[PDB]
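> A structural model of the following input is requested.
(chains A, B, C and D)
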Amino acid sequence: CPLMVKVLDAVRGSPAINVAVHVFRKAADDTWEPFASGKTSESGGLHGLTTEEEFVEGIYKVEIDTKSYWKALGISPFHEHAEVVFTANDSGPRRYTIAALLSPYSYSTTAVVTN
Amino acid sequence: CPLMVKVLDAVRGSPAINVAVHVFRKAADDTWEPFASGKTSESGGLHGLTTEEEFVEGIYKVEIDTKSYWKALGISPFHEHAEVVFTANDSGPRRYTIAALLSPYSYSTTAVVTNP
Amino acid sequence: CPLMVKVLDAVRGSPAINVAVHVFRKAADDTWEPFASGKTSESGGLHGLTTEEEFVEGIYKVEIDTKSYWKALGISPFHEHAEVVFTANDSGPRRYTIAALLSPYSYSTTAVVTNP
Amino acid sequence: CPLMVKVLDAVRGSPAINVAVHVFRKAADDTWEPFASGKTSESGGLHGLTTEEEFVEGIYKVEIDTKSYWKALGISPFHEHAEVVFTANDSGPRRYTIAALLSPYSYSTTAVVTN
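Numbering: from 1, shown residues only, chains lettered A, B, ... in the order given. Shown next is the protein structure:
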């Protein structure tokens, strides 16, 4: 698992469950091509997005559909989605976790890149 | 001043100065049209992006050039940029401040929205 | 103004108004002596805590009353308060702004430090 | 494991390893009594702090010794330590994770409370 995503809810202090996540890779013409997607699990995680084979160096965008998450809970959100855009570089450690902490009018995101 | 951006640096404990910021508005054809841009001042603030007249209803993307910022300071960053995407003004004009706190492998952003 | 505090609310997208803040200074006997306190204004800011004269070298604890804030707004919070502990002025006077962003089960804080 | 602590480094995008963590419980006289402590592991985690038996309702303070962490890495920090102070309440879910994300002049902390 070269790429994993973890999403938490700062209002309830819980995983953010069943949140849609779409990953895209930047194509030669600068457009964003779909690459992987899924919904977070009961633990706020999303595994099995890719394989080492498909996960080549490039620029990637992770879009987390936070607006749908909050609206379904009856809480008015500010963002359309949260976005994380980064270059994957084979020079550093192998595994990337993209963690996001959601509030209705804020979010934070960190990357943990380990071997 | 209906859209402002404030950017802080969590490594140095300072405003993030001379950070490029681009704002785009989603067009009828789902492409991202340029809308406004500028650079943060010595206080980490960016005013003057737009006017109540120009800042119509719409989906806007504020993209903060975090990677150039960290590279200028000599520090290896993870993200290409930090993006904040939101629907604006759909119940009338509001004033938006978008604040972001930057670290090399993390950032946060928040919005403060007031009704004029 | 050598110590200021700014507090934002990440649920409402607004400044956090009327938030109580207490500052303590560590005493020679390792107890926390009261130093200054006040409440955030309509802009989420708190000025006037102290003066360059009174703000001597020392270890300070800034405690922001997040629990009362969330309880007033009708929202169940996790923390008792948010605490920021730091050595101040040990190479001469500096100006400190302590910014905090509040959610019911999370908060962040950052310092901006400038040399006068 | 009723209480776990997870610490990440926002400068390197990695777990914050070998960081000292001390937990205290507020005593009847308002003083802080030691309760548990340890150092984070290679994964930035710290398990086995307490048992359900000792972890009763009360007010707890988690102090994470961030100044020692940064100074050893040659990076000048602002805080003495990061502190998380909260009441444990048996009314909600059982397990508490206290997560902290460290930068030299900032930190964020969240709690994930699950069953």
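
> List phi and psi for the residue in chain A sticking out farthest from the centre.
Taking Cα atoms, centre = their mean as the measure, the residue most remote from the mean C-alpha position of chain A is residue A:29, 23.2 Å away. In terms of degrees, to the nearest 10, the main-chain angles of residue A:29 are phi -90, psi 10.

> What distance do you get for it to chain B?
13 Å (Cβ to the nearest Cβ, to the nearest Å). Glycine gets a C-beta too; all of them are placed from N, C-alpha and C.

> can you check residue A:100 too?
Relative to chain B, and taking Cβ to the nearest Cβ, residue A:100 is found at 10 Å.

> So that residue sits against residue A:10, correct?
No - counting by Cβ atoms under 8 Å, residue A:100 does not reach residue A:10; the two are 10.3 Å apart.

> of those two, who's got more company?
Shown here are residue A:100 and residue A:10; by other Cβ atoms under 10 Å in any protein chain shown, residue A:10 has more neighbours (28 against 23).

> So the more buried one sits against residue C:108, correct?
No - if you go by Cβ under 8 Å, residue A:10 and residue C:108 don't touch, sitting 10.1 Å apart.

> Can you check the distance spanned by stretch A:62-75, start to finish?
23 Å (Cα to Cα, to the nearest Å).

> same check, this time on stretch A:4-17
By Cα to Cα, the extent of stretch A:4-17 from end to end equals 15 Å.

> tell me which residues of that stretch are tucked away?
Buried positions in stretch A:4-17, judged by neighbour count with 16 or more other Cβ atoms under 10 Å in any protein chain shown: A:4-16.

> Now cross-check those against chain D and list the overlap.
A:8, A:10, A:13-15 (Cβ under 8 Å from any Cβ of the partner chain).

> which residues does residue A:38 bridge with?
Using DSSP bridges, the bridge partners assigned to residue A:38 are residue A:21.

> which ones are touching residue A:42?
A:15, A:17 (Cβ atoms under 8 Å, 6 or more residues apart in numbering or on different chains).

> no wait, residue A:4
A:45-47, A:49, A:95-98.

> sorry, back to before: which of the ones next to chain D among the buried residues of stretch A:4-17 sits closest to chain B?
Closest to chain B out of those is residue A:10 (10.8 Å), distances taken as Cβ to the nearest Cβ.

> How about that closest one: what's its closest non-neighbour residue?
residue C:103 (3.7 Å; Cβ to Cβ, 6 or more residues apart in numbering or on different chains).

> Residue A:92: what secondary structure?
For residue A:92, the assignment made with DSSP: H, G, I helix; E, B strand; the rest coil gives coil.

> Which phi and psi values does it adopt?
According to degrees, to the nearest 10, residue A:92 has phi -90, psi -160.

> Tell me how many other residues surround it.
Neighbours of residue A:92 (other Cβ under 10 Å): 15.

> Let me know whether it touches residue A:113 as I believe.
Yes - using Cβ under 8 Å, residue A:92 is in contact with residue A:113, at 5.6 Å.

> Take the buried residues of stretch A:4-17 and write them to JSON lines, including secondary structure.
Output for the buried residues of stretch A:4-17, formatted as JSON lines (three-state DSSP):
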{"residue": "A:4", "secondary structure": "strand"}
{"residue": "A:5", "secondary structure": "strand"}
{"residue": "A:6", "secondary structure": "strand"}
{"residue": "A:7", "secondary structure": "strand"}
{"residue": "A:8", "secondary structure": "strand"}
{"residue": "A:9", "secondary structure": "strand"}
{"residue": "A:10", "secondary structure": "coil"}
{"residue": "A:11", "secondary structure": "coil"}
{"residue": "A:12", "secondary structure": "coil"}
{"residue": "A:13", "secondary structure": "coil"}
{"residue": "A:14", "secondary structure": "strand"}
{"residue": "A:15", "secondary structure": "strand"}
{"residue": "A:16", "secondary structure": "coil"}
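
> Max pairwise distance over these: which two?
In these, two members sit farther apart than any others by Cβ to Cβ. They are A:4 and A:11, at 23.2 Å.

> Can you name the residues that contact residue A:45?
A:4-7, A:15 are the contacts of residue A:45 under Cβ under 8 Å, 6+ apart.

> from those residues, which is closest to chain B?
For the contacts of residue A:45, the nearest to chain B is residue A:6 (13.2 Å; Cβ to the nearest Cβ).

> and that closest one, bridged to which residues?
residue A:45, residue A:99.

> Could I get the full set of strands for chain A?
A:3-9, A:14-15, A:20-26, A:32-39, A:45-46, A:58-64, A:79-88, A:95-103, A:106-114 (DSSP state E).

> who does the third one touch, helix- and strand-wise?
Read that as strand A:20-26. The contact analysis (3 or more Cβ pairs under 8 Å, 6 or more residues apart in numbering or on different chains; DSSP states H and E) places strand A:20-26 against strand A:3-9, strand A:32-39, strand A:58-64.

> Tell me which of those is the most buried.
The highest average neighbour count among the helices and strands packed on strand A:20-26, using mean count of other Cβ atoms under 10 Å in any protein chain shown, belongs to strand A:3-9 at a mean of 23.

> Run the angle between it and strand A:58-64 for me.
30 degrees (axes from the mean of the first three to the mean of the last three Cα atoms, to 10 degrees).

> Quick one: residues contacting residue A:55.
A:2-3, A:88.

> what do you get for residue A:83?
By Cβ under 8 Å, 6+ apart, the residues touching residue A:83 are A:61-64, B:83, B:85.

> likewise residue A:38?
A:20-21, A:46, A:48-49.

> Could you dump the residues you listed into a markdown table and include neighbour count?
As requested, those are exported to a markdown table (neighbours: other Cβ atoms under 10 Å in any protein chain shown):
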| residue | neighbour count |
| --- | --- |
| A:20 | 16 |
| A:21 | 22 |
| A:46 | 24 |
| A:48 | 10 |
| A:49 | 20 |
